[PDB]
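Next up: a single chain in structure tokens, the form solved without its partner chain.
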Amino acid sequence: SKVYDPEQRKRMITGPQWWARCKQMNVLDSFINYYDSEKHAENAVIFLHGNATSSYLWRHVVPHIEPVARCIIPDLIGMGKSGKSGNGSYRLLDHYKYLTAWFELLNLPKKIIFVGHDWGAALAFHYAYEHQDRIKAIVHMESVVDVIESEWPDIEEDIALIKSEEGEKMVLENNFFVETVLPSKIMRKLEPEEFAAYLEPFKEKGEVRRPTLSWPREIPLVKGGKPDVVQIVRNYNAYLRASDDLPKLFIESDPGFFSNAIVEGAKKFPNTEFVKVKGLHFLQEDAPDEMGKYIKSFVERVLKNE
């Protein structure tokens, strides 16, 4: 039985409070909502959320890192308070189209530090693969580290379901990932206002919820997965396994949820330091300060050493 953190309300940041601190910038035919700490712009730490979430995920993590480097946290296209995609498509490369276009307008330094979770990590990894000169370090967690060739025995049957018209009902009609999966993968009970911040972009039924269905349908299952995403992930996985000069931090979840394959995948990338914090999947909600402190020390060490 999950309980409220009795000390959390004293520092709670509501959706409105977070969004008030964000900025918007026109990108291609749409716009990106994002948080930008601005100061210390000689470095840039870009935090990338994944499915069901938004920049809001990082709200308690980022304060620890701001004093050492400019921190920048977007809402991916179609998610959070960002604009929608011009053609209503939300595949990995649609997200990547807007993300990379957005980067071009941020006055970034030559080498960028990424912090990625879930599909946000996939975006960071793909960016790194295509810009191998532009990466100072990578922090990742609960990340799409590799393809799936084989904890989740019926994964194929589940992905087959999510790819059927039942997936449309599960998500567009019934908001499966936001309203059911998200709270199940946080160890504490979220304050009502915190859950409301996650629900808000997806509060209405129908097509607005598309990004939360499109993400799982991108799953790089070797057997049945979209072959283009499978190849993207094979490509960046090979590159990461050879990236000895790229400092990395893997933040492992304890106990995690079916996370053994992620950890083993992560251990195939050289120059990775491993740390562990409490959580299931959305570990930012269970150990944000331990995460922030780990990320801060890592960044500091990377900037020294360099």
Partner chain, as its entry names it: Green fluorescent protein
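Superpose the two forms; the largest set of C-alphas matching within 1.5 Å is the rigid core. Residue numbers count along the first chain shown, from 1. Shifts are known only where both forms have a C-alpha.
Novice: I'd like the number of residues from the deposited sequence that lie between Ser150 and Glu151 yet are not in the model, binned as none, 1 to 3, 4 to 9, or 10 or more.
Specialist: 1 to 3 residues are missing.
Novice: What stretch has the higher average Cα B-factor here, 157-165 or 123-131?
Specialist: Of 123-131 and 157-165, the stretch with the higher C-alpha B-factor average is 157-165.
Novice: Could you tell me which third, lowest, middle or highest, the C-alpha B-factor of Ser243 occupies within its chain?
Specialist: As the PDB entry reports it, the C-alpha B-factor of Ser243 lands in the lowest third of its chain.
Novice: Report the third (lowest, middle or highest) to which the CA temperature factor of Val3 belongs, ranking only the modelled residues of the same chain.
Specialist: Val3: CA B-factor falls in the lowest third of its chain.
Novice: Sort the modelled residues of this chain by their C-alpha B factor and say whether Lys205 lands in the lowest, middle or highest third.
Specialist: Highest third - that is where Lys205 ends up once the chain's C-alpha B-factors are sorted.
Novice: C-alpha B factor of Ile13, ranked within the chain: lowest, middle or highest third?
Specialist: Middle third - that is where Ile13 ends up once the chain's C-alpha B-factors are sorted.
Novice: By the record's CA B-factor, is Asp286 among the lowest, middle or highest third of residues in the chain?
Specialist: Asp286: CA B-factor falls in the lowest third of its chain.
Although not depicted, the form deposited with its partner chain bound is the subject of the following passage.
Novice: Would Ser150 sit within 4.5 Å of its partner chain in the entry with it bound, counting heavy atoms only?
Specialist: Because no heavy atom of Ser150 falls inside 4.5 Å of its partner chain in the entry with it bound, the answer is no.
Novice: Would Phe257 show up as a contact with its partner chain in the entry with it bound if we use heavy atoms at 4.5 Å?
Specialist: The answer is yes: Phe257 has a heavy atom within 4.5 Å of its partner chain.
Novice: Just checking whether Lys304 would be counted as a contact of its partner chain in the entry with it bound - the rule being heavy atoms within 4.5 angstroms.
Specialist: Outside the cut-off, so no.
Novice: Any of the heavy atoms of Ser184 lying within 4.5 Å of its partner chain in the entry with it bound?
Specialist: Taking the distances in the entry with it bound, the answer for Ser184 is yes, it comes within 4.5 Å of its partner chain.
Novice: Which of these residues, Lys97, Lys84, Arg91, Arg188, gets a heavy atom within 4.5 Å of its partner chain in the entry with it bound?
Specialist: Going through each option in turn, the one that passes is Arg188.
Novice: Taking its partner chain in the entry with it bound as the reference, which of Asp154, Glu104, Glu165, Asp133 has a non-hydrogen atom within 4.5 Å?
Specialist: Selected option: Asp154.
Novice: So which stretch, 30-38, 55-63, 234-242, 257-265, is the one near its partner chain in the entry with it bound (non-hydrogen atoms, 4.5 Å)?
Specialist: Among the listed stretches, the partner-contacting one is 257-265.
Novice: To test your reading of the superposition: with the rigid core aligned, which of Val230, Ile159, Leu106, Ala128 moves its Cα by 2 angstroms or more between this form and the one not shown?
Specialist: Spelled out, the residue whose C-alpha shifts by 2 Å or more is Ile159.
Novice: Name, in sequence order, the runs of three or more consecutive residues whose C-alphas all shift 2 Å or more between this form and the one not shown, counting only residues present in both forms and superposing on the rigid core.
Specialist: Core-superposed, displaced stretches are 151-160, 257-259.
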